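*Asks:* Which chain is which? The protein sequence lines are A, B, C and D, in order.
The numbering of the first sequence is UniProt numbering, which starts it at 355 and goes up by one.
The numbering of the second sequence is UniProt numbering, which starts it at 178 and goes up by one.
The numbering of the third sequence is UniProt numbering, which starts it at 10 and goes up by one.
The numbering of the fourth sequence is UniProt numbering, which starts it at 355 and goes up by one.
All C-beta atoms in this analysis are idealised placements derived from N, C-alpha and C, irrespective of residue type, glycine included.
Mind having a look at this structure? Questions to follow.
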Amino acid sequence: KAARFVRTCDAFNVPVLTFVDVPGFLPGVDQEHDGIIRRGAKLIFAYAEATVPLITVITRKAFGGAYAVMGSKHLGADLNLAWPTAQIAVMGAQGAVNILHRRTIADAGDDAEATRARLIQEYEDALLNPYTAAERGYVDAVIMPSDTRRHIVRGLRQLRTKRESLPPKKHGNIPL
Amino acid sequence: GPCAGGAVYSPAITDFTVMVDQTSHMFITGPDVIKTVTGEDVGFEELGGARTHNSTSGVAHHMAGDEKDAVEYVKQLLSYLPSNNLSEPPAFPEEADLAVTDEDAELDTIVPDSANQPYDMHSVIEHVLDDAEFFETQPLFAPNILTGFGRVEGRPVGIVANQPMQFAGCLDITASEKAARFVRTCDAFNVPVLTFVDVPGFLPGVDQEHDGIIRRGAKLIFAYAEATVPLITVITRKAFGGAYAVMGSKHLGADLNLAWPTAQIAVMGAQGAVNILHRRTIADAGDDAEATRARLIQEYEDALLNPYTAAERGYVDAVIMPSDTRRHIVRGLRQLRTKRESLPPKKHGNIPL
Amino acid sequence: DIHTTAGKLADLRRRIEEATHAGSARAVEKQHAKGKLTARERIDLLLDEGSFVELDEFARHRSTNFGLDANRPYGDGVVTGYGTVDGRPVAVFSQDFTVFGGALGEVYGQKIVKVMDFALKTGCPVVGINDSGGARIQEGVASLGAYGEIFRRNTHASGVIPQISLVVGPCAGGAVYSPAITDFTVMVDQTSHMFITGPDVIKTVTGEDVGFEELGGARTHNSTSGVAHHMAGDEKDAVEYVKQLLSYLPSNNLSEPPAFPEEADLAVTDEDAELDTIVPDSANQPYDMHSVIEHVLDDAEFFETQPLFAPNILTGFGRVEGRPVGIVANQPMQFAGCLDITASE
Amino acid sequence: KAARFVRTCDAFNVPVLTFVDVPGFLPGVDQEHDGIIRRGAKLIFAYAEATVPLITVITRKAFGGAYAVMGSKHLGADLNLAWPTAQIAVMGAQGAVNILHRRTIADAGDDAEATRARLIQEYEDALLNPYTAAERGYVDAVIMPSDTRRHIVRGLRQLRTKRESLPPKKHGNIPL
């Protein structure tokens, strides 16, 4: 649904402002059976393609590939903005720790949770927030929410015109 | 080998995928998770293994016996396509022999007198093809519709057709999902599409409708009007409803439309069409009315249920004998070979998703 | 049988027998003596053997007007199909006289639209043949519109894919206009008539008697109208020139002219000198242009066009070194090699 | 004189409003020999090609080809209007009849001459009008004579925009 709205807004030259608080993607047997793998992708493709100004702001937790799918700079968005709240990850701290530390966790069966919980804490405490990503330049700034309208209004002024080009083709092969 | 999480998405964009049975896997998310998350336990193959994409998602183009095989399929499939969308598909030119061969004739007799009875479209696709080669894409999914690559006169060509044999050879959302991409993919790389048409209806459903037939079928009607490559079509037999507009009809803009005598093209299925047209009369006299309704049915099928009523307008370029069909296909191609076509400049086109 | 598949094909052969046969043998017989040949025939000749593809072969008129429907002959008294001349792609129609006296109808106009579009779309030249009586009276203005589609096309093409007009039959009314647009007109003596307005009317208003050959006839157009490119002895001749003219041209504005590469003789060949001496010492005397052009197209060959019209200048195209070329020269012989409006035009 | 002008209009983008009363093409031998088919035919040429806004009003007879040549839809004109008065027909009802009923007309010696008169009346009644055209859509509007200004005006505003595409050429071959 969002993907059309994107391709469509892109068609007519309309700037899209996108707000992302997605932790992951729906889990269903049905969701892979139907073919989420085709269907979801249309979303990356739409933002990828789109030559209208993109501004994206992340107000809460962005985890996993889902993070990219939503007008992540990587896809091609011009400005990306993050609140102090926004948490960006590979995965929820919980699995996240499960995997890194798994052998440590078997180690000392005694006080298993305590070691395990303590760790699940060290990881969110020091990862699950914008700055790690900011450092990288994945997101242009982390800007206090109060300043959020100021950021969109300005960023439009600059991006209104912006232009992009690529080698010609009749039509795309975006998955249906 | 298994691919999980976002990555699955990169293949998704990609024009083709091949997967290797019970060695490959694909998944948006893992089995351990849906189970904590949804409460439905599932296995790894059951969740998204090579067979499951191949049939049930409709995301996996092909299944292969073993890796040595899959690669081979990868090599054969490349051969069809152009290095890039500037060049045409490599064709190793061989002159055709028109002179009708025994094999052509077989066509006269492929269609079986029964309206109900099926045939395997697969014989009719081959008859056109060099060395009876056809290379099949996504066989597993929505068999009702067969999508293929083929060569004639040495220049590669690409197939959309109805199959009677599976699910009565009518349209379903999975099929429109399957072909429509496939036309677009061909038009993209400059590969001529040959379409063979025998569709009665698009599956009737209360599930067919919800899931989004209205959006999803369209893509197919969109893919065809969009495409600029030479499009040539044969109506074997069944033409009915929207389905006629939709497969590769002259309407969209396709260059040569060819119909067998056997072939019928119509508003509605006759049994249907009569009810609505004569609803007034069958009702009148409601004894000895019922018998009137089938016997009338014969007045309408006999008269309106063949190609010329269409041809007479020209909607159909030619009506030809069935063996003939190979002949139409080669001379036609030869002519269309240079085809070119125009539209208003747009960044992209908002095909319904 | 009839329900059955064997039967369904059989009916088809039976229709095919019919559509190629649209006039009465009596329409046909009458044409044939005339000195001239039917549309299927005209076609077989222009297009290389076996090549031909029918279109809209089965197509038949939707009419009500004036009893018209009574007969709905297959192919609408045009034949339209694509065939290859000398192994280059061609798109064709022949008007059929037998039918409706070769009048034009909504389906008949559309028939032609399929052929012209096939051609613009593909990029090959359309040789169109007309023996067309006029614009079919019955259809009503529908006829008048169909014509227009054709004109509108005749412009949008002209100068992308070459249009050659074979007139072997009278053209009356708007019909004329369509050849007028087409890049070349080739027409046949005593057999081909073109006219904007019919004789009978000019007498009614202008009180002028006229003959047909004189008012519209192949020689008249060629020399006096100066809208006729060519005049040919006979119907086999008229087609033969058409194959020969085309050879010269490219399939479409986007190609070079088809040429057979041949190496030239650099050397100043014996004929070559014949030049120094062609000119007479005194200035009054006229000497043939045609010899000067001859000396300089391979094989000493000139395809003259419109020889009749404005002799003041000769216009052709000849091949140098296997690439096609075209010749405008002045012609002392006739009217002292001057410019004039018939000659500028 | 007109075809030059219609091209002259077109070169500079000046929309053409072209108003129709044509009864046919001048009769006379000088006209064929001087050459009419090649000279006249140019208009048809001027009109099919032009890319500027076209509005065509019938106000008079439009019989025989002349109907097409004079800025008709068929060339491609975007909009077409006709008055009640306007008669559009393949030909004059007077010529028209003789050709269609020609036989009907020979058989009696008398009641033959009056009869032709009735018939020419019958065909004028039913065939000499704007409407037979409206039914195909050959013509967009039948509008009253005062309106005609209303229509030129809205019609111009709408068209101001129009552009259209044709295959690449160096020049056309318009008859000279």
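#1: Using a Cβ-Cβ cutoff of less than 7 Å, which residues in the same chain neighbour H505/D once the five nearest sequence positions on both sides are dropped?
#2: Is the Cβ of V185/B closer than 8 Å to any Cβ of chain A?
#3: Measuring straight from C-alpha to C-alpha, what distance separates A356/A and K415/A?
#4: So what does DSSP say about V185/B, is it helix, strand or coil?
#5: Where does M298/B sit, in a helix, a strand or coil, going by DSSP?
#6: Pick helix, strand or coil for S256/B, following the three-state DSSP scheme.
#7: How big is the Cα-Cα spacing for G111/C and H70/C?
#8: Have a look at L473/B and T13/C and give me their C-alpha separation to the nearest angstrom.
#9: Three-state secondary structure (DSSP) at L433/B?
#10: Is any beta-carbon of chain B found at less than 8 Å from that of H12/C?
#11: According to the Cβ coordinates, are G157/C and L429/D closer than 8 Å?
#12: Any beta-carbon of chain A closer than 8 Å to the one on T372/B?
#13: State the DSSP-derived secondary structure class of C363/B, mapped to helix, strand or coil.
#14: For the region 465-480 of chain D and the region 177-192 of chain C, state whether three or more C-beta atom pairs, one from each stretch, are separated by less than 8 Å.
#15: Considering only the beta carbon of each residue, do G425/D and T410/D sit closer than 8 Å?
#16: CB-CB under 7 Å to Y250/C, same chain, minus the five flanking residues each way: which ones, in chain order?
#17: Mapping the DSSP letters down to three states, classify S152/C as helix, strand or coil.
#18: Report the three-state DSSP secondary structure of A440/B (helix, strand or coil).
#19: Reducing DSSP to helix, strand and coil, say where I211/B ends up.
#20: Could you tell me whether the Cβ atoms of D95/C and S260/C are closer together than 8 Å?
#21: How do the region 98-118 of chain C and the region 147-166 of chain C stand: do at least 3 beta-carbon pairs fall below 8 Å, yes or no?
#22: Taking any Cβ of chain C, which residues in the region 376-391 of chain D have a Cβ under 9 Å from it, in chain order?
#23: In the DSSP output, which residue or residues are listed as bridge partners for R517/B?
#24: Taking contact to mean 3 or more Cβ pairs, one atom from each stretch, closer than 8 Å, check whether the region 269-287 of chain C and the region 323-332 of chain C are in contact.
#25: For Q315/C, which residues from the same chain have a beta carbon less than 8 Å from its beta carbon, with the 5 sequence-adjacent residues on both sides left out?
#26: Extract the residue ranges of the alpha helix (DSSP H) inside the region 115-165 of chain C, only unbroken runs of 4 or more that lie entirely within it.
#27: Considering just the uninterrupted stretch of the alpha helix (DSSP H) at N452/A, what are its terminal residues?
#28: Excluding five sequence neighbours on each side, which residues of the same chain lie with their C-beta closer than 6 Å to the C-beta of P98/C?
#29: Along the chain, where does the alpha helix (DSSP H) containing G418/B start, and where does it finish?
#30: Using a Cβ cut-off of 7 Å, pull out every chain A residue sitting near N231/B, in sequence order please.
#31: Below 9 Å between beta carbons is the criterion; list the residues of the region 304-326 of chain C that meet it against any residue of chain D, in chain order.
#32: Can you tell me which of the three DSSP states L64/C falls into?
#33: Pop quiz: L482/A and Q448/A are said to be a contact at Cβ under 8 Å. What is the actual Cβ separation, rounded to whole angstroms?
#34: Can you tell me where the beta strand (DSSP E) with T278/B in it begins and where it stops?
#35: Tell me the rounded alpha-carbon separation between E354/C and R392/D.
#36: Count the other CB atoms within 10 Å of the CB of residue 600/A; is the residue buried (16 or more) or exposed (fewer)?
*Replies:* In brief:
#1: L435, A495 and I497
#2: yes
#3: 19 Å
#4: helix
#5: Three-state result, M298/B: helix.
#6: helix
#7: 13 Å
#8: Rounded to whole angstroms, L473/B to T13/C spans 19 Å at the Cα level.
#9: strand
#10: yes
#11: yes
#12: no
#13: helix
#14: The region 177-192 of chain C and the region 465-480 of chain D do not touch, with fewer than three beta-carbon pairs separated by less than 8 Å.
#15: yes
#16: Excluding residues within five positions, the ones whose Cβ falls inside 7 Å are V195, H239 and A241.
#17: Under the three-state reduction of DSSP, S152/C is assigned to helix.
#18: coil
#19: Here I211/B sits in helix by DSSP.
#20: no
#21: yes
#22: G378, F379, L380, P381, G382, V383, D384, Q385, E386, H387, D388, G389, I390 and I391
#23: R517/B pairs with nothing; no bridge assigned.
#24: Cβ pair count under 8 Å is three or more, so yes.
#25: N231, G235, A237, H238, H239 and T324
#26: 115-131
#27: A447 to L454
#28: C133
#29: Careful: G418/B lies outside any alpha helix (DSSP H) and carries neither H nor E.
#30: Think of a sphere of 7 Å around the beta carbon of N231/B: no beta carbon from chain A falls inside it, the nearest being about 12 Å out.
#31: none
#32: strand
#33: Rounded, the Cβ-Cβ distance is 11 Å, inconsistent with contact.
#34: Membership of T278/B in any beta strand (DSSP E) is not indicated, and neither H nor E is assigned to it by DSSP.
#35: 11 Å
#36: In the structure displayed, chain A extends from 355 to 530; residue 600/A sits before or after that span and is not available.
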